[PDB]
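Below: one protein chain in two forms, given as structure tokens, structure 1 then structure 2.
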Structure 1
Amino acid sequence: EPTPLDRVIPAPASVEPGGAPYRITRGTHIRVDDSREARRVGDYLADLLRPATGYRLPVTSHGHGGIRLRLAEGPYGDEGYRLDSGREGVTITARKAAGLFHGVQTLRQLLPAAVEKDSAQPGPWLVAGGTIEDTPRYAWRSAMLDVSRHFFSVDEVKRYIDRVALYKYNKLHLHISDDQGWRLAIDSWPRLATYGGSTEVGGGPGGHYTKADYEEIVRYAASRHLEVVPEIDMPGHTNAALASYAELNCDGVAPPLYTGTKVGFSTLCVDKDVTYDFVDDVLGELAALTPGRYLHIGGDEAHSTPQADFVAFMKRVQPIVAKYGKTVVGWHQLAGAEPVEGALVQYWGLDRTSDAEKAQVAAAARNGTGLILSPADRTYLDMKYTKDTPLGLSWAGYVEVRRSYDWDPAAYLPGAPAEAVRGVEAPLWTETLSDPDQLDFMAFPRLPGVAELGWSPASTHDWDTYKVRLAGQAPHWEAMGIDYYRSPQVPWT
């Protein structure tokens, strides 16, 4: 029996099951349009299927049937697709390559779990019959990775990119500086990466990306249809920079490198002009490496920080983003600091966040500031599932699988108009996480849920049926080598 057509995450916008399934066989081919955009997705698909099927699966621009990837006019937008499956073949149609790529991600979930293995497996290889028509609810569907607290290599970042690409995320937010590390070479301030990147939480060896390493991350991300959104957090969470350049400190003394896990103690010197020269330089070199539309300038503070100083810092820094041709993104503290036109704010509050803090973000939303939702008690993937989780944190409460999923972005933040909501983000902080398996353990199984909230229509939202689709992913995760938390709330087979 093929996996039912609707058993995919994100839930597709429209699923119409019917007819006989397609059978992938030794004669199956991949037919693409005659072009580069085209062959690239076809070659990606072949690379996914050839190992486990053992079939040749040539990519061509001729031949009836097989798996057809077609670019055509239709109601697909920039990211959407239609997927038709029947005895004669499977056709994925889209307007753009991203749409074809998203359709491929659906197709792999429709196939048996064994398709993800790296050597030949027995068939059969059925794709349920019918039609999926699918376009995203929100344009902002992002995953963050903190490479500051613990450092992850280029290859490890590539591996994470491959995890989030499964679920049709379209942005990768890279938290590339914090108190415990600075992870990008800045030629004008070379000690940042070399000294400020020398360690990490726990005092081990750190690391940093050369400019070439960063561009490679960006290129790989783009090949998986992820726009990279880099963050340089400021004015707070700057100890690594402050430790590298004595002159950045209000007292002229470089603090020691920090290898603990406390937050809120560090700040750039808001009243020294060298601070703005530093910010201008860093964001300039970062913008030149960033083909995407956004720079995330953070917006964490120190406990010390007077609101007046935070406001002045942000009034001066935001224009620098536009100077280099990019759009501002900031954590929701920015909502109290006059966000410039077109800035986005990322809301990380929790239920126990004060009514007044909630209303100030809502007020900004009513004034045209777009909102990215990533509540710390909903989509922070570093939050423990329960009191017994060995890694992660619990400052925002425990966050089991249902809580993470069961909400509606459009009816979430009191006071905020639904049309301000741009999408959602699932941040993975790494105070407690030092290896890729640990990232997987805390990312799965919640990561697909947040993807669903970004992509799927509200009409498909339902925990009791979602949890059955999520349990259906586990055999795939097992074949792919993805560690995960076997939540007792999910009905694993």
Structure 2
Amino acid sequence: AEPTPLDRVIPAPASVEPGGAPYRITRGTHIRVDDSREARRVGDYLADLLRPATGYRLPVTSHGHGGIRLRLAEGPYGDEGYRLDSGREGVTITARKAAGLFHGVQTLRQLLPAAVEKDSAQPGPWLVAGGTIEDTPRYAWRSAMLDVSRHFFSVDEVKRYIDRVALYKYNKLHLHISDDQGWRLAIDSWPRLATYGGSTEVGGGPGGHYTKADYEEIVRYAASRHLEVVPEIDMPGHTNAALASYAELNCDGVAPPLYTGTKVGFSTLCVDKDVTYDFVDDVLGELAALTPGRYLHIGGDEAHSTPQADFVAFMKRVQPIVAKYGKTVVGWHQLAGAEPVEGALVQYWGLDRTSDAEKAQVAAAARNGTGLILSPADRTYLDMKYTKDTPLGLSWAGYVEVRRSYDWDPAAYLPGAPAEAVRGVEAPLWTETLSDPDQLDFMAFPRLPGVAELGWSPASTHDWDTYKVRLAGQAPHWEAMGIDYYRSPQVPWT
């Protein structure tokens, strides 16, 4: 075997300087970490990845021989970057914080042969190409969304999806935990939302919800994968589950039935009833107590049954509730037309046919200093069909093949918005049509690593013809990990 080339990694690393003979992990290699819990956690994570396929003991130690060295040190790598040095003497990953060590490990696993992901002992050799990678991200907002409201996904399925996104240096997990078809978090001040509002899902299945303990475990697990959880309570539209659970929240005071279909636009909270804000205050307060992350997403899309002036007055009242609990507002880009507060981010989900006036409104807010998360429906929506023949997913945004999802520049995308306003990107996975985790993987892969690269990699590394060869190189690893994926004909799979 020869080593996988040092640059064959997604995201493309910011700097790659290949040179010298490779490191070879052998029966005597140790994983040497600084003397601390933060250090041992990353070392034990790495050992868990490497022990099954190598069959080596790979002790995590703070003394002795090393071979794979994980070290924290001051340096120019910021909060999330790292340097990886590899040669005959060993592999050393250096960073300022545990998050850059963890990022360096996600790089190290792609450098290693695909057999590394197997769950039993495999022949070597275990080669890491020689040279130096120095790597820091282009954008700080690099996120993946999972809709657990349309179809429910369990704590264990969400942890499996966290492990998918952690491969590619995503650092935010947006969980869409409420919509018309379900409410997915126990709220003590409004107990019916989860108990009744969570009792079904699209298609009339058993639905589900996270207890407070379940939600804490999802947050703790994602943190151990350096993902900051960004929960969304969508409002004032996409609220049927909440309205069905509490008659008083409805303008007419009558609870609609639980909804199991896939239409949108029809539900609204009652903007002129004060009890609506008792409900928002209580839910956001309880969600904030469970959210160590900095952001609360209040949604704001498809409020088609809410008059514009009511939508504006609603967001005027609700956004300060987020600041009252010490968090920052994120909304879908409809919020740009309703006075985003200072610090608020908007998430653009539009597409090429979105009207010019609507695009100009979002760009106006960006010029006004509103930060922008880009997730265009005809680029990074992972539920969008690849072609007319994809058996799952939607096509309201057109067909989105692998090249189209990758081949754009978040810095030069929305006309009239400054580059400086772009906080980063997100890849959302909506679940109207997806009800099991193998289906999630088929729709998420192979576009998911592409959005991760847009978030992470320098613009100077961006290039379809050479990226598609790095993407083809992931397939053997996916196959060893058991990850289903769409074998696009645009990619030169080996």
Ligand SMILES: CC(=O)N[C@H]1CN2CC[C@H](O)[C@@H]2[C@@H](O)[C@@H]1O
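Only residues modelled in both forms are compared. Basically, rigid core = biggest C-alpha set you can superpose within 1.5 Å across the two forms. Residue 1 is the first residue of structure 1, and the numbers go on in sequence order from there.
Trainee: Is structure 1 or structure 2 the form deposited without ligand GC2?
Mentor: Between the two, the form deposited without ligand GC2 is shown as structure 1, not structure 2.
Trainee: Let me know the CA shift of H64 between the two structures in Å, rounded to one decimal, core fitted.
Mentor: Value for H64 between the two structures: 3.4 Å of C-alpha shift.
Trainee: Once the core is aligned, what is the C-alpha displacement of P122 between the two structures? Give it in Å to one decimal.
Mentor: With the rigid core fitted, the alpha carbon of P122 is displaced 0.7 Å between the two structures.
Trainee: Where the core is superposed, what shift in Å does the CA of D300 undergo between the two structures?
Mentor: With the rigid core fitted, the alpha carbon of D300 is displaced 1.8 Å between the two structures.
Trainee: Fitted on the core, where are the consecutive stretches (at least 3 residues) whose C-alpha atoms all shift 2 Å or more between the two structures?
Mentor: That run whose C-alphas all shift by 2 Å or more is 301-304, the only one.
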